[PDB]
Amino acid sequence: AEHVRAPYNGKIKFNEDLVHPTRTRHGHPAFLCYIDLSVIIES
Amino acid sequence: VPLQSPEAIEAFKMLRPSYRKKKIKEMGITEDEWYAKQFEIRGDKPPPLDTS
Amino acid sequence: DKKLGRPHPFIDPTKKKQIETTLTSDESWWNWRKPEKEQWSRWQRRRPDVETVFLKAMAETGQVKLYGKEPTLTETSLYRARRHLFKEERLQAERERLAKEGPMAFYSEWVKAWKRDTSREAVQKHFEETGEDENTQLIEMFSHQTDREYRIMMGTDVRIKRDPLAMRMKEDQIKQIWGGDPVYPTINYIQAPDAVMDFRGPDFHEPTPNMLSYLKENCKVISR
Amino acid sequence: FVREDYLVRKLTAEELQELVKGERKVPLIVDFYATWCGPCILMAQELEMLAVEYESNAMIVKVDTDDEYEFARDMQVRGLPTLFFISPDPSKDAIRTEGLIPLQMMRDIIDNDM
Amino acid sequence: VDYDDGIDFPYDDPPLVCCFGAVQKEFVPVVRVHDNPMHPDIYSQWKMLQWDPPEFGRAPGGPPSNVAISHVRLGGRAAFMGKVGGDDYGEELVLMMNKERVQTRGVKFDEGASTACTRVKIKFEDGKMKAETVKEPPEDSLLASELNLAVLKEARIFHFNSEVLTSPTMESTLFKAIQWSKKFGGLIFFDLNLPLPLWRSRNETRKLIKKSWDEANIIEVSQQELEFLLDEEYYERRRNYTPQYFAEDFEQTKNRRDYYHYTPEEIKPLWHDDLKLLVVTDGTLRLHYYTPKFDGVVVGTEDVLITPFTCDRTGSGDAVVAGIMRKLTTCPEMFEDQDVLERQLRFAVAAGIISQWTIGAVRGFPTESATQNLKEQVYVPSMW
């Protein structure tokens, strides 16, 4: 799997209601998405 | 898996203390009363003593 | 900035940039919280680089200006990309100082024993009596140069072209290349040449006995 | 036979009273080491070298102040590494030295003061 | 009565410290009985007693010359004030001082005595062997007329240790030096480093050191020295106590070493009006500090098993004292700001730690740069 990494410092912004809650392979909570999601980074 | 159980989604939301704060304000129970109430016996309280 | 951000040094992001406020602790999942005490890490301490000492020395000489008192890793990466430009600029300023001052005044930096006036005017006014032209005066000045001073001057050799700044950084600055004295003291490693090992010293095993001597001593083997 | 690795001889305080009361032909060097003490690793090697160099011409012995602490205090020892040089002539005052003195100072004392 | 140097320039930037007393190449005054001997003859095993050491010996102090060397190497300036013999060994000790750039203008040079050599008469009493000093060594016999008053004028801290109290002459000279230093506005540092004779009984040592202790403005005592000047047995019972049924907190379950922080009320029998700072040292592991206004504890550390073959505890307490003086002279907010005091005492901790990693004391005192490096590597940046 490829990792998407923040290209800039800033504030992440997205509507987290569009995405399903999940537990990651590492036990971390995460969102699992099955759409094209646009994430803002307010740098 | 993307979590499906309402109770597991609720636990996922409770992972933020701010959401717990909002649940406190919505239910109206004071937050120390809720910290107490989390210690409540989980169920099946025994039949009351009838001592004569 | 908007003008003169071409050529000269300028802040990479334009001034008046906006800032943002984000999730405080207790608004965040446990895996995305800053710990309530700053954790120890072996990597906690800025790595000392050649590029940091040189970029600080350029900042203090005013050849460059920096956003803060310490060169960021971005700035040191750019220095890594561009240092030869500043080196050749310093070497050119050194050639031009040679041309202005003349060889007596230039090379007298490495002849502490030469106390006489070295300015071109004084070289002329000395030629006007002692008959020694500028060259004979320069030969005499170098005749007062000590071997150690000459070896230091050899940085100015036209083939070496040692950086005028690297020739003049002082010890307490050069120290910052590796990051000061080693924490474990090097005297623990220093050993003299022609030192002979004391095998009776406190970091050797007790001398192994001769196997026959040991067996005899333990009355395991007999002689007669 | 296998020859013993160490010449400096450990004594009890009573064996030392015996050795000081009895008549001596040679200077007696008493080392008040203790086994936890850092400088005593070095002093023990200096004294081993002295004990070889003088052969039978000096009696070099040591007293562990873990065992004979009150005797060390009565000897007016105020630290370790400390050393007494006791003359074979019983009229002379003994010399106490303190710290890692050079092995050449030990030789000086033994040859010229004892 | 007054003394004038005839000079008005502001001396020099790192303020001078004067270290008064004796010089020895290396020498441990603090000796007590220890439970574990290693083999009596094999010195190849005494490393095991420098990495799991007696608690009184966890960070030995030494001669004040060790503190002078360490303080100069930590970047300060030290003068050593004392006396040596005219013999080769007194020259060797002065050369050691000079090569370490310790200023030796107060070092006198007796010509008729033999440096380390003390004359003693061996005697028998109660059937036990005893000694009595027939002649004191040079370093014990500095006179009050041999003090260098230019040093005491310049010196901002006058450091001494209790070994000088084992000589009546040196004790009288010490108190004259203290009077002079206090007249010139100096601070009196009293590194206790109790020698063997002063471990005989609490209530004799307490009166022996009383005048010195009450003259000191700053005091260094090991944990073991403080507990010996207080009730040694009470603090033994304090730390050998374990709850019979359950612990009173979770941490008491962990059975970790007892870093007990003496309260100001327990220190009160020793506290006095001139005392600006008392430091109780539990190795480099902790420095407790007490002032008229606040008390606390700098948590330190040690490692020594990092260098099992080359480690040696000797001089770690001298390097701690030298680091304390090094910061006291250049950051006197140590007496007034608690965070500053802690942050600066962590430098003394780091100096002690580095001093534990080589054989020999003078061989091992760290530089300022190495000490600051170790501070910044051990401690989190928040607490540099």
# chains A, B, ... in the order shown; residues from 1 in each chain; ligands from 1
call {"tool": "interface_residues", "arguments": {"of": "chain C", "to": "chain B", "cutoff": "10 Å", "atoms": "only C-alpha atoms", "output": "MDAnalysis selection string"}}
result
chainID C and resid 24:30
call {"tool": "residues_around", "arguments": {"residues": "stretch 80-94 of chain D", "least_positions_apart": "3", "cutoff": "7 Å", "atoms": "only C-alpha atoms", "output": "list in words"}}
result
residues 24, 25, 26, 27, 28, 29, 30, 31, 32, 33, 39, 40, 43, 77, 97, 98, 99, 100 and 114 of chain D; 27, 28, 29, 119, 120, 121 and 122 of chain E
call {"tool": "write_last_selection", "arguments": {"atoms": "N, CA, C and O atoms", "output": "compact mmCIF listing (two decimals), in the first residue's frame"}}
result
# COMPACT_ATOMS: atom_id res chain seq x y z
N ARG D 24 62.79 -5.70 64.09
CA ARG D 24 62.79 -5.71 62.63
C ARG D 24 64.18 -5.38 62.12
O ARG D 24 64.87 -4.52 62.68
N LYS D 25 64.59 -6.06 61.05
CA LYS D 25 65.80 -5.70 60.33
C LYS D 25 65.58 -4.67 59.24
O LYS D 25 66.55 -4.05 58.79
N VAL D 26 64.34 -4.47 58.79
CA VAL D 26 64.08 -3.74 57.55
C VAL D 26 62.89 -2.82 57.76
O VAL D 26 62.07 -3.02 58.67
N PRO D 27 62.78 -1.78 56.92
CA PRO D 27 61.60 -0.91 56.99
C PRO D 27 60.31 -1.69 56.77
O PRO D 27 60.25 -2.61 55.96
N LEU D 28 59.27 -1.30 57.50
CA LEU D 28 57.95 -1.90 57.37
C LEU D 28 57.02 -0.88 56.73
O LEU D 28 56.76 0.17 57.31
N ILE D 29 56.52 -1.20 55.54
CA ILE D 29 55.54 -0.37 54.86
C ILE D 29 54.18 -1.01 55.05
O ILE D 29 53.97 -2.17 54.69
N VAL D 30 53.25 -0.25 55.62
CA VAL D 30 51.89 -0.71 55.88
C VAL D 30 50.94 0.11 55.01
O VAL D 30 50.90 1.34 55.12
N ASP D 31 50.19 -0.57 54.16
CA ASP D 31 49.23 0.06 53.26
C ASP D 31 47.82 -0.12 53.80
O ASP D 31 47.37 -1.26 54.00
N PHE D 32 47.12 0.98 54.04
CA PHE D 32 45.76 0.92 54.57
C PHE D 32 44.73 1.03 53.45
O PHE D 32 43.85 1.88 53.48
N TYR D 33 44.84 0.16 52.45
CA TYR D 33 43.91 0.18 51.33
C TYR D 33 42.49 -0.19 51.79
O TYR D 33 42.26 -0.62 52.92
N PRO D 39 41.65 4.80 43.83
CA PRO D 39 43.11 4.94 43.92
C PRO D 39 43.83 3.72 44.46
O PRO D 39 45.03 3.57 44.19
N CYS D 40 43.16 2.86 45.23
CA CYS D 40 43.84 1.69 45.76
C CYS D 40 44.14 0.63 44.70
O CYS D 40 45.09 -0.13 44.88
N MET D 43 47.56 2.14 43.80
CA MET D 43 48.49 1.96 44.90
C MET D 43 48.90 0.50 45.07
O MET D 43 50.06 0.22 45.40
N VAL D 77 44.79 7.45 60.47
CA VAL D 77 44.50 7.50 59.04
C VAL D 77 43.29 8.38 58.82
O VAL D 77 42.26 8.24 59.51
N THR D 97 52.20 8.85 54.85
CA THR D 97 52.00 9.55 53.60
C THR D 97 50.58 9.31 53.10
O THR D 97 50.00 8.25 53.33
N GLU D 98 50.05 10.31 52.40
CA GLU D 98 48.64 10.34 52.01
C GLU D 98 48.52 10.67 50.54
O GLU D 98 49.19 11.57 50.03
N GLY D 99 47.65 9.93 49.85
CA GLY D 99 47.53 10.02 48.41
C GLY D 99 48.48 9.10 47.68
O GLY D 99 49.37 8.47 48.26
N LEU D 100 48.30 9.03 46.37
CA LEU D 100 49.24 8.33 45.51
C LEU D 100 50.55 9.10 45.41
O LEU D 100 50.73 9.91 44.50
N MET D 114 64.21 5.89 56.62
CA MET D 114 64.02 4.74 57.50
C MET D 114 65.35 4.22 58.02
O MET D 114 66.04 4.90 58.78
N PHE E 27 43.07 11.13 46.41
CA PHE E 27 42.99 10.79 47.82
C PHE E 27 41.53 10.88 48.27
O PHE E 27 40.90 11.93 48.11
N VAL E 28 40.99 9.80 48.82
CA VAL E 28 39.60 9.74 49.25
C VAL E 28 39.56 9.93 50.76
O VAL E 28 39.96 9.02 51.50
N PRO E 29 39.07 11.07 51.27
CA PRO E 29 38.95 11.21 52.73
C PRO E 29 37.79 10.41 53.30
O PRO E 29 37.94 9.80 54.37
N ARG E 119 55.09 13.09 60.12
CA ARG E 119 55.78 12.35 61.17
C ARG E 119 54.78 11.94 62.24
O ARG E 119 54.09 12.80 62.81
N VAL E 120 54.76 10.65 62.58
CA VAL E 120 53.89 10.11 63.62
C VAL E 120 54.71 9.19 64.52
O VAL E 120 55.63 8.50 64.05
N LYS E 121 54.40 9.21 65.81
CA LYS E 121 54.96 8.28 66.78
C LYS E 121 53.96 7.17 67.02
O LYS E 121 52.84 7.42 67.47
N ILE E 122 54.36 5.93 66.73
CA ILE E 122 53.52 4.78 67.02
C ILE E 122 53.61 4.46 68.51
O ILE E 122 54.71 4.36 69.07
call {"tool": "residues_around", "arguments": {"residues": "residue B:35", "least_positions_apart": "4", "cutoff": "12 Å", "atoms": "only C-alpha atoms", "output": "VMD selection string"}}
result
chain B and resid 20 to 21 24 29 to 31 39 to 40
call {"tool": "select_by_dssp", "arguments": {"residues": "stretch 119-268 of chain E", "states": "alpha helix (DSSP H)", "output": "JSON, numbers by chain"}}
result
{"E": [149, 150, 151, 152, 153, 154, 168, 169, 170, 171, 172, 173, 174, 175, 176, 177, 178, 179, 180, 181, 182, 183, 202, 203, 204, 205, 206, 207, 208, 210, 211, 212, 213, 214, 215, 223, 224, 225, 226, 227, 228, 229, 232, 233, 234, 235, 236, 237, 238, 239, 240, 264, 265, 266, 267]}
call {"tool": "write_last_selection", "arguments": {"atoms": "C-alpha atoms", "output": "PDB file, in the first residue's frame"}}
result
ATOM      1  CA  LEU E 149      45.150  38.396  50.451  1.00  0.00           C
ATOM      2  CA  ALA E 150      45.072  39.358  46.765  1.00  0.00           C
ATOM      3  CA  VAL E 151      43.534  35.949  46.065  1.00  0.00           C
ATOM      4  CA  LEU E 152      41.034  36.280  48.909  1.00  0.00           C
ATOM      5  CA  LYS E 153      40.178  39.736  47.582  1.00  0.00           C
ATOM      6  CA  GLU E 154      39.626  38.481  44.037  1.00  0.00           C
ATOM      7  CA  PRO E 168      44.604  22.891  64.608  1.00  0.00           C
ATOM      8  CA  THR E 169      47.011  25.111  62.672  1.00  0.00           C
ATOM      9  CA  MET E 170      45.122  24.758  59.410  1.00  0.00           C
ATOM     10  CA  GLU E 171      41.850  25.314  61.282  1.00  0.00           C
ATOM     11  CA  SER E 172      43.123  28.634  62.674  1.00  0.00           C
ATOM     12  CA  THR E 173      44.395  29.583  59.221  1.00  0.00           C
ATOM     13  CA  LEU E 174      41.060  28.587  57.703  1.00  0.00           C
ATOM     14  CA  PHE E 175      39.084  30.827  60.024  1.00  0.00           C
ATOM     15  CA  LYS E 176      41.425  33.742  59.348  1.00  0.00           C
ATOM     16  CA  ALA E 177      40.948  33.146  55.611  1.00  0.00           C
ATOM     17  CA  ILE E 178      37.174  33.003  56.129  1.00  0.00           C
ATOM     18  CA  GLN E 179      37.247  36.330  57.971  1.00  0.00           C
ATOM     19  CA  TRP E 180      39.269  37.866  55.129  1.00  0.00           C
ATOM     20  CA  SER E 181      37.025  36.451  52.392  1.00  0.00           C
ATOM     21  CA  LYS E 182      33.831  37.568  54.133  1.00  0.00           C
ATOM     22  CA  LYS E 183      35.380  41.014  54.582  1.00  0.00           C
ATOM     23  CA  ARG E 202      27.792  12.261  65.376  1.00  0.00           C
ATOM     24  CA  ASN E 203      27.879  14.531  68.425  1.00  0.00           C
ATOM     25  CA  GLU E 204      31.650  15.025  68.348  1.00  0.00           C
ATOM     26  CA  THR E 205      31.764  15.871  64.638  1.00  0.00           C
ATOM     27  CA  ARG E 206      28.756  18.190  64.995  1.00  0.00           C
ATOM     28  CA  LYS E 207      30.686  20.342  67.470  1.00  0.00           C
ATOM     29  CA  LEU E 208      33.978  20.008  65.583  1.00  0.00           C
ATOM     30  CA  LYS E 210      29.954  23.709  64.197  1.00  0.00           C
ATOM     31  CA  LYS E 211      31.970  26.907  63.708  1.00  0.00           C
ATOM     32  CA  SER E 212      32.877  26.023  60.112  1.00  0.00           C
ATOM     33  CA  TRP E 213      29.288  25.064  59.319  1.00  0.00           C
ATOM     34  CA  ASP E 214      27.924  28.290  60.811  1.00  0.00           C
ATOM     35  CA  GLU E 215      30.493  30.317  58.861  1.00  0.00           C
ATOM     36  CA  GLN E 223      23.327  11.925  51.788  1.00  0.00           C
ATOM     37  CA  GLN E 224      25.434   9.781  54.123  1.00  0.00           C
ATOM     38  CA  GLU E 225      27.058  12.820  55.744  1.00  0.00           C
ATOM     39  CA  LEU E 226      23.725  14.554  56.329  1.00  0.00           C
ATOM     40  CA  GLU E 227      22.170  11.380  57.741  1.00  0.00           C
ATOM     41  CA  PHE E 228      25.230  10.983  59.972  1.00  0.00           C
ATOM     42  CA  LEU E 229      24.957  14.543  61.265  1.00  0.00           C
ATOM     43  CA  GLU E 232      21.757   7.837  61.006  1.00  0.00           C
ATOM     44  CA  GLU E 233      19.696   5.073  62.610  1.00  0.00           C
ATOM     45  CA  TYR E 234      16.401   6.935  62.301  1.00  0.00           C
ATOM     46  CA  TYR E 235      16.893   7.291  58.542  1.00  0.00           C
ATOM     47  CA  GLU E 236      17.975   3.660  58.308  1.00  0.00           C
ATOM     48  CA  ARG E 237      14.694   2.661  59.949  1.00  0.00           C
ATOM     49  CA  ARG E 238      12.962   5.200  57.674  1.00  0.00           C
ATOM     50  CA  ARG E 239      14.179   3.419  54.557  1.00  0.00           C
ATOM     51  CA  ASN E 240      14.189  -0.210  55.758  1.00  0.00           C
ATOM     52  CA  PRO E 264      13.283  21.630  55.865  1.00  0.00           C
ATOM     53  CA  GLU E 265      12.170  20.746  59.405  1.00  0.00           C
ATOM     54  CA  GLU E 266      14.607  17.823  59.423  1.00  0.00           C
ATOM     55  CA  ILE E 267      17.340  20.152  58.132  1.00  0.00           C
TER      56      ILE E 267
END
call {"tool": "residues_around", "arguments": {"residues": "residue D:69", "least_positions_apart": "6", "cutoff": "9 Å", "atoms": "only C-alpha atoms", "output": "PyMOL selection string"}}
result
chain E and resi 31-33+196
call {"tool": "write_last_selection", "arguments": {"atoms": "N, CA, C and O atoms", "output": "compact mmCIF listing (two decimals), in the first residue's frame"}}
result
# COMPACT_ATOMS: atom_id res chain seq x y z
N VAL E 31 35.95 7.56 54.13
CA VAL E 31 36.05 6.11 54.19
C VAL E 31 35.23 5.59 55.36
O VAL E 31 35.26 6.14 56.46
N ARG E 32 34.48 4.52 55.10
CA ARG E 32 33.65 3.83 56.08
C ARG E 32 33.70 2.34 55.77
O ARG E 32 34.18 1.93 54.71
N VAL E 33 33.21 1.53 56.70
CA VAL E 33 33.18 0.09 56.49
C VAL E 33 32.18 -0.25 55.40
O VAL E 33 31.06 0.27 55.37
N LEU E 196 37.84 10.02 57.72
CA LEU E 196 37.68 8.90 58.65
C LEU E 196 37.53 9.30 60.12
O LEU E 196 36.55 8.87 60.74
call {"tool": "interface_residues", "arguments": {"of": "chain E", "to": "chain C", "cutoff": "8 Å", "atoms": "only C-alpha atoms", "output": "ChimeraX atom specification"}}
result
/E:42-45,309-310,354,357-358,363-364,366-367,369-371,373-374,376-377,379-382
call {"tool": "write_last_selection", "arguments": {"atoms": "N, CA, C and O atoms", "output": "compact mmCIF listing (two decimals), in the first residue's frame"}}
result
# COMPACT_ATOMS: atom_id res chain seq x y z
N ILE E 42 43.64 -9.46 44.35
CA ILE E 42 43.42 -9.32 42.91
C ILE E 42 42.74 -7.98 42.67
O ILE E 42 41.53 -7.84 42.86
N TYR E 43 43.51 -6.98 42.24
CA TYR E 43 42.94 -5.67 41.98
C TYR E 43 42.12 -5.66 40.71
O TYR E 43 41.51 -4.63 40.39
N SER E 44 42.08 -6.78 40.00
CA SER E 44 41.38 -6.90 38.73
C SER E 44 39.89 -7.07 38.91
O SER E 44 39.17 -7.27 37.93
N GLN E 45 39.41 -7.00 40.16
CA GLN E 45 38.02 -7.28 40.48
C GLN E 45 37.41 -6.11 41.24
O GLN E 45 36.20 -6.12 41.52
N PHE E 309 35.15 -1.29 32.31
CA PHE E 309 36.59 -1.38 32.52
C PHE E 309 37.22 -0.04 32.89
O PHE E 309 38.12 0.00 33.75
N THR E 310 36.79 1.05 32.28
CA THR E 310 37.41 2.35 32.50
C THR E 310 36.74 3.20 33.58
O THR E 310 37.29 4.24 33.94
N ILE E 354 30.18 12.46 33.82
CA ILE E 354 31.35 12.29 32.95
C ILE E 354 32.58 11.96 33.78
O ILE E 354 33.43 11.15 33.36
N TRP E 357 33.53 8.20 34.39
CA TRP E 357 33.80 7.29 33.28
C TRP E 357 35.28 7.07 32.98
O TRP E 357 35.59 6.36 32.02
N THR E 358 36.20 7.64 33.74
CA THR E 358 37.60 7.26 33.60
C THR E 358 38.27 7.02 34.95
O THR E 358 37.94 7.65 35.95
N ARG E 363 42.59 13.15 35.84
CA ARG E 363 42.49 12.65 34.48
C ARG E 363 41.07 12.75 33.93
O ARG E 363 40.89 12.84 32.72
N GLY E 364 40.07 12.77 34.81
CA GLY E 364 38.70 12.61 34.38
C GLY E 364 37.74 13.78 34.43
O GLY E 364 36.64 13.68 33.89
N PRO E 366 35.58 16.70 33.47
CA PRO E 366 35.16 17.08 32.12
C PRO E 366 35.44 18.54 31.82
O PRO E 366 35.67 19.36 32.71
N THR E 367 35.41 18.86 30.53
CA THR E 367 35.39 20.25 30.10
C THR E 367 33.97 20.80 30.16
O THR E 367 33.00 20.07 30.37
N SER E 369 32.37 22.05 27.57
CA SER E 369 31.65 21.61 26.38
C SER E 369 31.12 20.19 26.53
O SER E 369 29.96 19.92 26.22
N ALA E 370 31.96 19.26 27.00
CA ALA E 370 31.50 17.90 27.23
C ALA E 370 30.38 17.85 28.25
O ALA E 370 29.41 17.09 28.09
N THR E 371 30.49 18.64 29.32
CA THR E 371 29.45 18.66 30.35
C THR E 371 28.13 19.16 29.79
O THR E 371 27.07 18.58 30.06
N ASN E 373 27.21 19.17 26.66
CA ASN E 373 26.75 18.15 25.73
C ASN E 373 26.02 17.03 26.45
O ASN E 373 24.94 16.60 26.03
N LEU E 374 26.61 16.51 27.53
CA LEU E 374 25.95 15.45 28.28
C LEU E 374 24.65 15.92 28.91
O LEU E 374 23.67 15.18 28.93
N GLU E 376 22.64 18.18 27.68
CA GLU E 376 21.65 18.32 26.62
C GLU E 376 21.31 16.99 25.96
O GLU E 376 20.29 16.90 25.27
N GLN E 377 22.12 15.95 26.15
CA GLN E 377 21.77 14.63 25.66
C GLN E 377 20.97 13.82 26.67
O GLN E 377 20.06 13.07 26.29
N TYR E 379 19.16 15.18 29.47
CA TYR E 379 17.93 15.86 29.83
C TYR E 379 17.14 16.27 28.60
O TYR E 379 17.70 16.67 27.57
N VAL E 380 15.82 16.17 28.71
CA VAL E 380 14.87 16.71 27.74
C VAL E 380 15.07 18.21 27.60
O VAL E 380 15.36 18.89 28.61
N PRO E 381 14.94 18.78 26.40
CA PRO E 381 15.17 20.22 26.23
C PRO E 381 14.36 21.10 27.15
O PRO E 381 14.82 22.19 27.52
N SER E 382 13.15 20.68 27.52
CA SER E 382 12.34 21.45 28.47
C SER E 382 13.11 21.78 29.73
O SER E 382 12.87 22.83 30.35
call {"tool": "residues_around", "arguments": {"residues": "stretch 150-160 of chain C", "least_positions_apart": "2", "cutoff": "12 Å", "atoms": "only C-alpha atoms", "output": "PyMOL selection string"}}
result
chain C and resi 91+94-95+98+103+106-112+141-148+162-168
call {"tool": "interface_residues", "arguments": {"of": "chain A", "to": "chain B", "cutoff": "12 Å", "atoms": "only C-alpha atoms", "output": "ChimeraX atom specification"}}
result
/A:16-17,19-25,27-34
call {"tool": "residues_around", "arguments": {"residues": "residue E:136", "least_positions_apart": "3", "cutoff": "8 Å", "atoms": "only C-alpha atoms", "output": "list in words"}}
result
residues 118, 119, 133, 140, 141 and 167 of chain E
call {"tool": "select_by_dssp", "arguments": {"residues": "chain D", "states": "strand (DSSP E)", "output": "number ranges by chain"}}
result
D: 9-10, 28-31, 59-62, 82-86, 94-98
call {"tool": "write_last_selection", "arguments": {"atoms": "N, CA, C and O atoms", "output": "compact mmCIF listing (two decimals), in the first residue's frame"}}
result
# COMPACT_ATOMS: atom_id res chain seq x y z
N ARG D 9 51.70 -8.52 51.48
CA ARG D 9 51.04 -9.48 52.35
C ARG D 9 49.99 -8.79 53.20
O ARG D 9 50.29 -7.79 53.87
N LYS D 10 48.76 -9.30 53.18
CA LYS D 10 47.69 -8.77 54.01
C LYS D 10 47.84 -9.26 55.44
O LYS D 10 48.08 -10.45 55.67
N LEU D 28 59.27 -1.30 57.50
CA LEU D 28 57.95 -1.90 57.37
C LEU D 28 57.02 -0.88 56.73
O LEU D 28 56.76 0.17 57.31
N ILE D 29 56.52 -1.20 55.54
CA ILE D 29 55.54 -0.37 54.86
C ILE D 29 54.18 -1.01 55.05
O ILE D 29 53.97 -2.17 54.69
N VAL D 30 53.25 -0.25 55.62
CA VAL D 30 51.89 -0.71 55.88
C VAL D 30 50.94 0.11 55.01
O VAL D 30 50.90 1.34 55.12
N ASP D 31 50.19 -0.57 54.16
CA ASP D 31 49.23 0.06 53.26
C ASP D 31 47.82 -0.12 53.80
O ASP D 31 47.37 -1.26 54.00
N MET D 59 59.81 -4.81 54.21
CA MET D 59 58.63 -5.59 54.58
C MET D 59 57.40 -4.76 54.24
O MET D 59 57.01 -3.88 55.01
N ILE D 60 56.80 -5.03 53.09
CA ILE D 60 55.64 -4.28 52.62
C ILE D 60 54.40 -5.12 52.82
O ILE D 60 54.31 -6.25 52.32
N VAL D 61 53.43 -4.57 53.56
CA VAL D 61 52.24 -5.28 54.00
C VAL D 61 51.07 -4.32 53.89
O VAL D 61 51.24 -3.11 53.74
N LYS D 62 49.86 -4.88 53.96
CA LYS D 62 48.67 -4.08 53.75
C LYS D 62 47.56 -4.51 54.70
O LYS D 62 47.51 -5.66 55.14
N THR D 82 46.66 5.53 51.94
CA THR D 82 47.55 6.01 52.99
C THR D 82 48.61 4.94 53.22
O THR D 82 48.38 3.75 52.98
N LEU D 83 49.78 5.36 53.70
CA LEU D 83 50.90 4.44 53.86
C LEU D 83 51.75 4.84 55.05
O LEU D 83 52.09 6.02 55.20
N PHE D 84 52.09 3.88 55.89
CA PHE D 84 53.05 4.09 56.96
C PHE D 84 54.38 3.46 56.60
O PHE D 84 54.43 2.35 56.07
N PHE D 85 55.45 4.19 56.88
CA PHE D 85 56.82 3.70 56.79
C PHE D 85 57.38 3.69 58.21
O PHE D 85 57.63 4.75 58.79
N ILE D 86 57.55 2.50 58.76
CA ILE D 86 57.94 2.30 60.15
C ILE D 86 59.38 1.83 60.14
O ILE D 86 59.71 0.81 59.52
N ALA D 94 57.68 7.13 62.81
CA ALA D 94 57.22 6.61 61.54
C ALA D 94 56.70 7.74 60.66
O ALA D 94 56.33 8.82 61.14
N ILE D 95 56.67 7.50 59.35
CA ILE D 95 56.19 8.48 58.39
C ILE D 95 54.87 8.01 57.80
O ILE D 95 54.80 6.93 57.20
N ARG D 96 53.83 8.82 57.94
CA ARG D 96 52.58 8.60 57.23
C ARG D 96 52.55 9.46 55.98
O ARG D 96 52.83 10.66 56.04
N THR D 97 52.20 8.85 54.85
CA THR D 97 52.00 9.55 53.60
C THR D 97 50.58 9.31 53.10
O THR D 97 50.00 8.25 53.33
N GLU D 98 50.05 10.31 52.40
CA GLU D 98 48.64 10.34 52.01
C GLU D 98 48.52 10.67 50.54
O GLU D 98 49.19 11.57 50.03
call {"tool": "residues_around", "arguments": {"residues": "residue E:279", "least_positions_apart": "5", "cutoff": "8 Å", "atoms": "only C-alpha atoms", "output": "list in words"}}
result
residues 219, 220, 221, 287, 288, 289 and 290 of chain E
call {"tool": "write_last_selection", "arguments": {"atoms": "N, CA and C atoms", "output": "PDB file, in the first residue's frame"}}
result
ATOM      1  N   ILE E 219      26.820  25.013  51.494  1.00  0.00           N
ATOM      2  CA  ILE E 219      27.303  23.756  52.053  1.00  0.00           C
ATOM      3  C   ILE E 219      26.987  22.624  51.092  1.00  0.00           C
ATOM      4  N   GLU E 220      27.948  21.720  50.914  1.00  0.00           N
ATOM      5  CA  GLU E 220      27.718  20.453  50.235  1.00  0.00           C
ATOM      6  C   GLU E 220      27.914  19.304  51.211  1.00  0.00           C
ATOM      7  N   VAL E 221      26.904  18.448  51.320  1.00  0.00           N
ATOM      8  CA  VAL E 221      26.971  17.239  52.126  1.00  0.00           C
ATOM      9  C   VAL E 221      26.428  16.086  51.299  1.00  0.00           C
ATOM     10  N   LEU E 287      20.432  15.584  43.501  1.00  0.00           N
ATOM     11  CA  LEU E 287      20.889  16.684  44.345  1.00  0.00           C
ATOM     12  C   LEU E 287      19.676  17.331  44.992  1.00  0.00           C
ATOM     13  N   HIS E 288      19.509  17.138  46.291  1.00  0.00           N
ATOM     14  CA  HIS E 288      18.537  17.917  47.031  1.00  0.00           C
ATOM     15  C   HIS E 288      19.140  19.283  47.304  1.00  0.00           C
ATOM     16  N   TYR E 289      18.320  20.319  47.216  1.00  0.00           N
ATOM     17  CA  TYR E 289      18.768  21.670  47.495  1.00  0.00           C
ATOM     18  C   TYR E 289      17.787  22.361  48.423  1.00  0.00           C
ATOM     19  N   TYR E 290      18.340  23.203  49.288  1.00  0.00           N
ATOM     20  CA  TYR E 290      17.576  23.928  50.284  1.00  0.00           C
ATOM     21  C   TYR E 290      18.083  25.356  50.326  1.00  0.00           C
TER      22      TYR E 290
END
call {"tool": "closest_atom_pairs", "arguments": {"of": "chain A", "to": "chain C", "cutoff": "9 Å", "atoms": "only C-alpha atoms", "output": "tab-separated table"}}
result
residue	atom	partner	partner_atom	distance
A:10	CA	C:20	CA	7.2
A:11	CA	C:22	CA	6.3
A:12	CA	C:22	CA	8.5
A:28	CA	C:31	CA	6.4
A:29	CA	C:29	CA	7.3
A:42	CA	C:20	CA	7.4
A:43	CA	C:19	CA	7.7
